[PDB]
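What follows is a single chain, given as structure tokens, in the form solved without this ligand.
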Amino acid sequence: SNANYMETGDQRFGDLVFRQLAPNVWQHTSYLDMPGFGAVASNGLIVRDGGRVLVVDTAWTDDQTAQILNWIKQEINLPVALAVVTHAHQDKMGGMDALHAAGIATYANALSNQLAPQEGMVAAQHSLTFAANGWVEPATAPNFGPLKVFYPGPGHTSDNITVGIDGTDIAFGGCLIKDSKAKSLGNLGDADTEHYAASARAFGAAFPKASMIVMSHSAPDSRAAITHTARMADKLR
């Protein structure tokens, strides 16, 4: 349960893995086997804000996403107010149904909702919209607490968004940022290779105080993950 700094190690629950990040923040992790590679991790976040819990990124599947809700009931014992999912893809949207069944309000980039059916995903219930500088329109993100939503520009996909957690110095780059040892940009099937670099860089500028970068396929890293990701993307153009 990691109650204090002398109880450590990731918590295994079902097939899921949870790692505490800051006092109110955890990374949730699920796995799906992929041709030729094998098991691939997909990370998302759980934020405790006051008397509610906020989730970013469901798991790969409905039944894994259900497990996440269960773990929250056991370990945090708080209601889940809302969830924000970061683009329409199985790794971040696979479990929308489970969130919905649980009666949990869901939010995504309007564009992610427009693409969901074509990407084989269930759309979120609410749509976020963004200014030209990339920050979310606050009226579209009511009651987001510490979550600061930023759309960096096309990237891993054209709809990808990102989230800072105010006060924790943690920024979630999702599929857009890779860690500093990464050998490639991962899955580019949907990517905008022209704007990727600028988008990665825009993310770094949106959260200039983040000391912890959380991404989809790897353990959290330093800001060196932004820099390195941008250099890799520079090679795309």
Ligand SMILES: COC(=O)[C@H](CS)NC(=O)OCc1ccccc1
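Only residues modelled in both forms are compared. Start at 1 and count along the sequence shown; that's the residue number. Throughout, rigid core stands for the largest set of C-alpha atoms superposing within 1.5 Å between the two forms.
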154 to 162 versus 80 to 88: which one carries the higher mean Cα B factor per the record?
80 to 88
Comparing 125 to 133 with 94 to 102, the one whose average Cα B-factor in the PDB entry is higher
94 to 102
For the listed residues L32, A202, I177, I170, which one has the largest C-alpha B-factor as given in the deposited model?
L32
Highest-ranked of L185, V53, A191, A206 once sorted by CA temperature factor in the record
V53
Should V25 be placed in the lowest, middle or highest third of its chain by the C-alpha B factor in the entry?
middle
State the tercile, meaning the lowest, middle or highest third, of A39 with respect to the CA B-factors recorded for its chain.
highest
Going by the recorded CA B-factors, say which third of the chain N143 sits in, lowest, middle or highest.
highest
Determine, from the deposited record, the chain-internal third of the Cα B-factor for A198: lowest, middle or highest.
lowest
By its CA B factor, does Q74 count among the lowest, middle or highest third of the modelled residues in the chain?
highest
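The following text describes the form deposited with this ligand bound, which does not appear among the structures shown.
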Just one of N70, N187, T193, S180 has a heavy atom within 4.5 Å of this ligand in the entry with it bound. Which one?
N187
Although the partner isn't part of this model, could you tell me whether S158 comes within 4.5 Å of this ligand in the entry with it bound, counting any heavy atom of the residue?
no
May I ask you to check whether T129 falls inside a 4.5 Å heavy atom distance of this ligand in the entry with it bound?
no
Do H217 and this ligand come within 4.5 Å of each other in the entry with it bound, heavy atoms counted?
yes
Any chance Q114 has a heavy atom within 4.5 Å of this ligand in the entry with it bound?
no
Within 4.5 Å of this ligand in the entry with it bound by heavy atoms, the stretch out of 89 to 97, 74 to 82, 131 to 139, 105 to 113 is 89 to 97
Between 48 to 74 and this ligand in the entry with it bound, list the residues on our side with a heavy atom within 4.5 Å.
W60
Where exactly does the backbone move between the shown form and the other one? Looking for runs of 3+ consecutive residues, each with a CA shift of 2 angstroms or more after core alignment.
35 to 37
